[PDB]
Each structure stands twice: as structure tokens, then as C-alpha cells.
Amino acid sequence: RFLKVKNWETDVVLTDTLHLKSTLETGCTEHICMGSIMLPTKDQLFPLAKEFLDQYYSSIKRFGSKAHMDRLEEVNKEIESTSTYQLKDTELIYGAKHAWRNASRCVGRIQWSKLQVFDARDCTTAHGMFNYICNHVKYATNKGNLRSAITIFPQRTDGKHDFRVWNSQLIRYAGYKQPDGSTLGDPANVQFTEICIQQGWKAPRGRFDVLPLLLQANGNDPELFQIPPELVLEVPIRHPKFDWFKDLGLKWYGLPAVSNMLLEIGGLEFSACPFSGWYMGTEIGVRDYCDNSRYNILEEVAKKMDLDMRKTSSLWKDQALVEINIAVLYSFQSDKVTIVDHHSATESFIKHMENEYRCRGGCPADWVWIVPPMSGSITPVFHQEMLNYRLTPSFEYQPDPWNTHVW
Amino acid sequence: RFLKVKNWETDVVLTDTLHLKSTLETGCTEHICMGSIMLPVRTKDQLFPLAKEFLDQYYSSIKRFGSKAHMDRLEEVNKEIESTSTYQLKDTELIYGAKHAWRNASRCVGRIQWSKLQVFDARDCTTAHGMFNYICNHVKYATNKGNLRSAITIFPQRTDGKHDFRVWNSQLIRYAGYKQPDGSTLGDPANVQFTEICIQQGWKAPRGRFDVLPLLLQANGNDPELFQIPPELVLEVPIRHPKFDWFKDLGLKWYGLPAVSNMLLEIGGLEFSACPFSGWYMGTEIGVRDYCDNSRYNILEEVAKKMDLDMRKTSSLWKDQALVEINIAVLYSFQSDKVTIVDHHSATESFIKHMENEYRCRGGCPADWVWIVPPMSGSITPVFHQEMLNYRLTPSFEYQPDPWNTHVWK
Ligand code: HEM
Ligand code: HEM
Ligand SMILES: C[C@H](O)[C@H](O)[C@H]1CNc2nc(N)[nH]c(=O)c2N1
Ligand SMILES: C[C@H](O)[C@H](O)[C@H]1CNc2nc(N)[nH]c(=O)c2N1
Ligand SMILES: N=C(NCCC[C@H](N)C(=O)O)N[N+](=O)[O-]
Ligand SMILES: N=C(NCCC[C@H](N)C(=O)O)N[N+](=O)[O-]
Ligand SMILES: [Zn+2]
């Protein structure tokens, strides 16, 4: 059944058929919509594997070819024998690029095809993992000129030899609970910062302490490693008109690199697949800096702006929020570190979406996540109806490693 | 069954059971979610169960479920339906229905006020002039010299779908929109189509930037008629900025009373096609959407320019900067002219407390996240960090085709 999507700002209407190939289930029903909920075998493997291969070969204009059929046969025999199979290089690259392409929560998918894939499937140890990761961080940072990339470690086998990167991101600041009862650093990482301490990490106890990597290979216990400081590009935050901003003492890292997700390609599961691209301003400025549960810096910045914080109707929070995001962008740009603002990012996504509609006949998109956390309606995506559904290959969430590992 | 909802800013988790009483569809399937989609004559037979459901709820709420008063009413209603195909609601039921339609509106963030709603029974109305008189009284009462009071006027329910009462305006008070051969739009672009119809029907437009539109009223299914609202009844607020003295020179102003008038109210199966309702504005409705939407007044560039902001590159966030000031101004003005209004911060905080209270006393509170979260400063309002469950409960306010696309002219 054809579905239509209307942009209420331009009246442009797109027709979606791509949803017809929807695999998994959204979490919604005809009776209830859970759109805003953050998270709603051989017989199983071969079918999934087939869907993927038919998909790949169709993309390379060889659907049905002998190569297509051969490969399809080879995998079956391989699955029937090894109860699993291995992706050829080409299928891995395609799989990862397409997992990104299908990421309904990513606003920067217009860059999906320019992804650098690092095949880390030959890795066997944590040090090996550290080595691959460092090279990933270095290649991707490129001295400020960020380049998207993903490193894929060995796929899951029996589930007891899983490769995992316990960190939620390759680079994040430590969080510590203090005497007062308050929290120093990033509250979002308190638990992990603890797991690292208990493991031996000599935590510095600072506001912005770059966490160590906790790498798990072949189901073994995780090991700690310190990313070469020379490899962690950071931007000191200063304002273009408030010379007092520098006194806030804020700084953030330039490389966003989600590393706790699971990559699925043709039925196979890669539980260690850190990936990186570059920041959209609001991610840091609005969410990391201003979320009540994160660095919660709104009051401070307000004060120094000398504005009436007596009543909410003065919109002092909104006032401050804007200046703060001005500074993040300003800084990154001043130090020549790649970064994109919500206006450019969202406009780009709209274009990508239009391309995706005429070239794929659709584009899965999660409105709740696509629309920036600030100035929502003044960005194009706000007025754009979206259809959300799941397509594989995909990036999925997965239980925290510490919540299920057998030490 | 039980469905959990979590607030990622407090870790507070709520359990929903109310969704079980959900009857209608959502547009969402098990394979596809359409949460961001704007808008995805009954038989005498299908009517009784609906009436029953509604009545069982009414009586349950007044704590007389199963009583003789309850039983006889069902008997009375079923009888009436069979013999007349329809049925009339008792005043008490109508007031209960209206309050609950509001109580169930998943796109409304001001529901903490649902219980305090003034219901005006206009069911004895038979003509447009009569509807005009009724609306005038609604506007005067609700406005209350700037101290707004929520209220709704309910005109005769649908019968055969041929004698429908309709308020052609989308809001009782709204500014006209005119398209110039130039291609530009004068006034409110959103009301261009309706404006043309008014002119075609006989209205003589002042052709200005903020012309209060005339009421186009349809009674008992007859052709719509024009009426101008008594100017002394239309409260307006000129918009000025607390610190930007040039703001007042932007020539901006807006009306104080928001009153959607094109929705359909459904109570116990009964359909009320003319049910204008009003409460008070949340600042962002005017400051963000009405003033800054590209397809509305679109004042950003001008407010930006006059603020002398670097508009050479979006990354300077001049748009975001201007937007705040403009919303600063809408709020300030209303407060200065003592006209009720609430900012998005207060409004969303209150809604969270309302929502929590609703989970504890009702077992849920259907909410549309896409609509509840404000069009600016999204994540610095609690609703953003709040998971919500959207589902439909009756009584309800529904959308309905524009009268001009269905009306059989006489
Ligand atoms: C090149 C620049 C990129 C930009 C500017 C971009 C931007 C974004 C933004 C703003 C989010 C929301 C983040 C949050 O709220 O936590 C996001 C989420 C996401 N992006 Fe992208 N992205 C980019 C590259 C990538 C890459 C390289 C991949 C994969 C190969 C990817 C996969 C995803 C996924 C899986 C999510 C959702 C993660 C989650 O659920 O927490 N993105 N992206
Ligand atoms: C006391 C003042 C009230 C406030 C501050 C409030 C606020 C809001 C806001 C911000 C919206 C979204 C508007 C938009 O984006 O166009 C809305 C929607 C809604 N409200 Fe309320 N509301 C209030 C009173 C009422 C009343 C009295 C009723 C009904 C009796 C009601 C029924 C609804 C409905 C049905 C919608 C959705 C309308 C649509 O789909 O366009 N509200 N409300
Ligand atoms: C409860 C709600 O789902 C939650 O706050 C979502 C909303 N939208 C979001 N959007 C993005 N990009 N990132 C997030 O973490 C969230 N959080
Ligand atoms: C396409 C999208 O559904 C649309 O822009 C919605 C988003 N949220 C909204 N929220 C409110 N309150 N009002 C609106 O008009 C909208 N528009
Ligand atoms: N932009 C990206 N964001 C991933 C999550 C980062 C998180 N919001 C934060 O630290 O703010 N990914 N990427 O570009 O690969
Ligand atoms: N607040 C209310 N809003 C109704 C819609 C008004 C519209 N967004 C606008 O004119 O901006 N309802 N109410 O209070 O009854
Ligand atoms: Zn849904």
C-alpha cells in the first residue's frame, strides 16, 4: 500500500513504498502509538542472509546472475556446515553503509555513501582492538577535518565470545559523584567511570576527564587503555562577543563516536562496531551542556549574562541557550574542527530525503529524533511529515556489557 | 496489560492502563509508525453501543453506575434512538462530554485546566444570526477584559448530515490573508483561501495587514452568512519589546483570544459539527509559529536586520537569536496589557504535573509528543524528556473536511 508524506511548509508530497519492505516491528499498534518511547539459528540465519544477498546483488545490477545464485548457494552450504557464514569484503562495506542509510534517527544520512569501513574481523585481543580503535580515531579526526568511519570487529558466534566496547562512545568525559551528593563531570557516565575505577583506572577527578577504553575481545574480560592524548582533539569553548565565556572553563571533544551499538548485516551480528562522523552543534550546546541531567550549565551562563532569572516568562533560559550554542559552533569553527549547525544539517536532510524518495522510493525517519532540541519549527524537518519503520542492515541498541558479562 | 512510560530526566516511570479503553485507530501499524503525520451520518444501530459506552462512563464518574438512574437512562436512550434514530443529551451529560473531549485531546498541552470549562449550550439555536449572537456572547464572556476564561459553545448535533451547523472560520478571531497579483501575500497567508470566500460571499475587506475576519456562519444546513464581530469585543495586543524600542515600530499585534472553531465534537456517538472553544494562548503559538513560520507572517529577517545580527551565515544562529527576542516581546506585551497568556516553560511544567496526576487517578493520559513539545527550546522543557502514549478516547474533538469542499449550496 502506497503511503504519502506531506511537507506542510512547501506542500510538497512524497509517496512511500519502501516501507513495504519493513522487517522488524516498530513497537506501535493500531491502538497505540509509541513514537516517543526511547526503546519500544540456521532456520533464521539463511532466510535473513538471502534477503541481504538478493539486496546486494540487486544493487550491483546482478540480481539473479550466476554469481548471485552461486554466492547464495555457497552461503547456504556454509551456514548448513559452519552454522554461520562470513561476509565478503564488498558485502561488508555495503552492509555497513546501508545500516547507516537505514538509521531513522540519524539526521546526517546525506553522507551515508562516503563511509570509510575498517574491516577489523581478524582481531583477536583487546590490545588488537585498542590498535584498531586508535587508528580509527586518528583517521577520522584527520587533524580537525573529520571523515566518517566505522571499525567492525569479529561478528558474534555463540554469544559467549562477544567482542564489546564497554564505553558508550570512544571518547567521553568521566563522571564522579561527590561528597556533597552532587556530580562532578558528566553525570551520564557516572556508572561507567565507576566500572573503570574499580578496574584500576586512576581517575583524575576533573570536570572534563577523557575516559579510558574498556575493551572486551572473544568474551574475555575487558581491559583498560588510554587513548593517546595526541589522538584526542578537543575544542576549548569561547564566545564571539562575551570574553567572559572563556571563564566558564568549558571544552568538548571533536569526535562523536558511538560505540555501544550492534550492527546487523544479513542476519549476522557485529556487537563491536564503533562509528564516527561529526557533530551537529546542538548535540553539545543544547543536550550535553544544558540537559538538566548532563552538564546543566544554564544557570551559570544566565548569571554571567546578567538577566532576570526571577521569572520564566523572561525566557532567560532560552536566551542563554542560544548564546551557548553560538559559542560551541564558534569555537569548533575557530579551531577548524568540522561541525554542522542544526539549520544546515536539517536542510541537508530534507534534500537527502527527497533524493531517497525518488531513488529508493522512501526514507525511514524518526521525527522525534530528527527535529533538533532547539528552534524546532524554524528548521525544515519540523514541517516535514515522516514515516518510521525498520530496515536491515541496521544499527540496534544492545544491553550494557556490564549488565550481562560473566567475569 | 500494562505499558510503562519513562521520563529520562527524572527516571520516573508511569504505568498506563487507560489505553485499554482505546477504541479507534491511530494510523500506526505494527510495521509502521506515523506519529509525525498531521492527519492520517451514523446508523441508528451503531449509535446505541456508543451511547451506552458514554453513559456507562458518565454514571461511573458520578458514582451511580448500575443505579436505577443509570439503568433508566440507558432504557430511555435506546428507546429514543430506535424511535427517532438519534437522541438528546441531558445538560449534565453534555457538560461532562465537552470537558472530557478536552480532557482526551492528546495534542493539547493545557489540559490541566480541563475540569474548569464553561459550557454554553447552543442546542436551541436555529439560524446564523442566532449563531452570531451566541458567538458574540462566548467571545465577551471568555475574554473577560483580558482575564481569559476557557469556554465552549455547542450548537445542534448532526442529524441527517444535510442540516449541519458549521462555523466556516477556523478560529472565531483571525486575521485576513490576501494574495497579491505580485505573488506576495498581505496579512496572514494561512487565511487566504477563507478570506477569498468571505470576499466572494460579500465581505468588503479593508485589505490591511491585521484585519479581523468576518464570521461566516452556517445554520441548519443552509448557505453560510456573514457577520462582523463587534470591534469592542475583539481584544488585541500591540507587540512591543522590553528593551528594543524599535520593536513597536514593527507594526505587530495579535488578538488575545484563541478559539478554534472548525473541529467536530463527538459525545456518545453524537456529532457536533459546530463547537468553537477557547482558552488562552501559550506564547510560542504566536511568537514562534504565527510570526516566524515561513508560511505565516515570517518576520525573522526583519527582526534580525533591526537587531543587526550577522545574517551572512546560519551558523551565527541569528534566526535562533531573533526568535527568542520575538517571543520575549509577545509575552511581555500580553503581561503589560494584563491579558492572560502562558509561556512554554510554565505550560509544559504544569502539563507534566497534570500528566502524572492523570496516571494516578485515571491510569493514563494520551499525549502526542510531536504536538506537546514546543516549537522552540524543545529540550529545556520537561515534556521533551517525557515518553508519551498516544491513543484515542471518546468523547473527542476531531478534524472535519472544510465546509466549502462539501457544502451543497442552495
Ligand atoms: C557525518 C556526520 C553525521 C552527523 C552530523 C550525524 C548526526 C546525528 C545526530 C544529530 C544524531 C542524534 C544524536 C543523539 O541525539 O544522541 C545522530 C544519531 C545517529 N546517527 Fe548520525 N550523524 C552523522 C554520522 C553518522 C555515522 C557515521 C553513522 C553510522 C555509520 C551514524 C549513525 C547514527 C545512529 C545509529 C544514530 C542514532 C544513535 C542512537 O540511537 O543513539 N551517524 N546522528
Ligand atoms: C487554557 C488554555 C489552553 C491552553 C494554553 C492550550 C494550549 C494548546 C496548544 C499550545 C495547542 C497546540 C496549538 C497549535 O499548535 O495549533 C493546543 C491544542 C489543542 N487544544 Fe488546547 N489549550 C487550552 C485550552 C483548550 C480548550 C479550552 C480546549 C477545548 C475545550 C482545548 C483543546 C485543544 C485541542 C482539541 C487541541 C488540538 C487542536 C488542533 O489539532 O489543532 N484546548 N492547546
Ligand atoms: C522521551 C523522548 O523520546 C526523548 O527525550 C527523545 C526525544 N528526541 C530526541 N532526539 C535526539 N536526537 N536525541 C535524543 O536523545 C532524543 N530524546
Ligand atoms: C509535520 C509535523 O507533524 C507538523 O509540523 C507538526 C509538528 N508539531 C506540531 N505541534 C503543534 N503544537 N502544532 C503544530 O502545528 C505542529 N505541526
Ligand atoms: N553525530 C553523532 N552523534 C552520536 C551521538 C553523540 C551524542 N549525541 C553527543 O555526544 O552529543 N554521530 N556521528 O556523527 O557519528
Ligand atoms: N491555546 C489554544 N490554541 C488554539 C490554536 C491557536 C493557534 N495555534 C494560534 O492561533 O496560534 N487553544 N485554547 O486556548 O483554547
Ligand atoms: Zn506510532
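As the structure lists them, so they are numbered: ligands from 1, and atoms in each ligand from 1. Just the heavy atoms: all of them, side chains too, but no hydrogens, waters or symmetry mates, feed the values below. Numbered from 1 within each chain, the chains take letters A, B, ... in sequence-line order.
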Does a side chain donor of either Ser261(B) or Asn169(B) reach within less than 3.5 Å of an acceptor in the other side chain?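 There is no such pair between these side chains.
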
Go through the side-chain N and O atoms of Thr151(A) and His136(A) and say whether any donor and acceptor fall under 3.5 Å apart. yes

Salt-bridge present (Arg390(A), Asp366(A); N to O < 4.0 Å):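 Looking at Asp366(A) together with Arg390(A), the answer is no, because their closest N to O distance does not fall below 4.0 Å.
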
Checking contacts here: is it the side chain or the backbone of [X] that comes within 4.0 Å of ligand 1, counting heavy atoms only? Could be both or neither.
X         : value
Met261(A) : side chain
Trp278(A) : both
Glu283(A) : side chain
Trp369(A) : side chain

Tell me the angle that SG of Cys28(B) and SG of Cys33(A) form around the Zn ion (ligand 7), rounded to 10°.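 Between SG of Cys28(B) and SG of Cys33(A), at the Zn ion (ligand 7), the angle is about 100°.
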
Using a 4.0 Å heavy-atom threshold (strictly under), name the region of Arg289(B) that reaches ligand 4: side chain, backbone, both or neither.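 The side chain, only.
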
Which part of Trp367(A) is near ligand 4, with near meaning a heavy atom under 4.0 Å away: side chain, backbone, both or neither? side chain

Taking distance alone, with no angle check, do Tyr397(A) and ligand 1 share an N/O pair under 3.5 Å?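 Min N/O separation from ligand 1 is below 3.5 Å for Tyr397(A).
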
Centroid-to-centroid, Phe332(A) to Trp252(A), below 6.0 Å? no

Aromatic contact between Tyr175(B) and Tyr255(B), with the criterion being ring centroids under 6.0 Å apart: yes or no?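 Yes.
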
Proximity flag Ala345(A) to ligand 1, non-hydrogen atoms under 4.0 Å: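 It does not, in that no heavy atom of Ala345(A) comes within the 4.0 Å cut-off of ligand 1.
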
Going by the atom numbers of ligand 1, which of them fall below 4.0 Å from some non-hydrogen atom of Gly277(A)? 1 (C)

Subset of ligand 1 atoms that lie under 4.0 Å from at least one heavy atom of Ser276(A): 27 (C)

Taking the side chain from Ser36(B) and the backbone from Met386(A), do they hold a donor-acceptor pair closer than 3.5 Å?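 The answer is yes, because a donor-acceptor pair under 3.5 Å joins these two groups.
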
[atom]: nearest protein contact (heavy atom, Å):
atom                    : answer
atom 2 (C) of ligand 4  : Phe382(A) O, 3.4 Å
atom 3 (O) of ligand 4  : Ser36(B) O, 2.9 Å
atom 10 (N) of ligand 4 : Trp371(B) CA, 3.3 Å
atom 7 (C) of ligand 4  : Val370(B) CG1, 3.3 Å

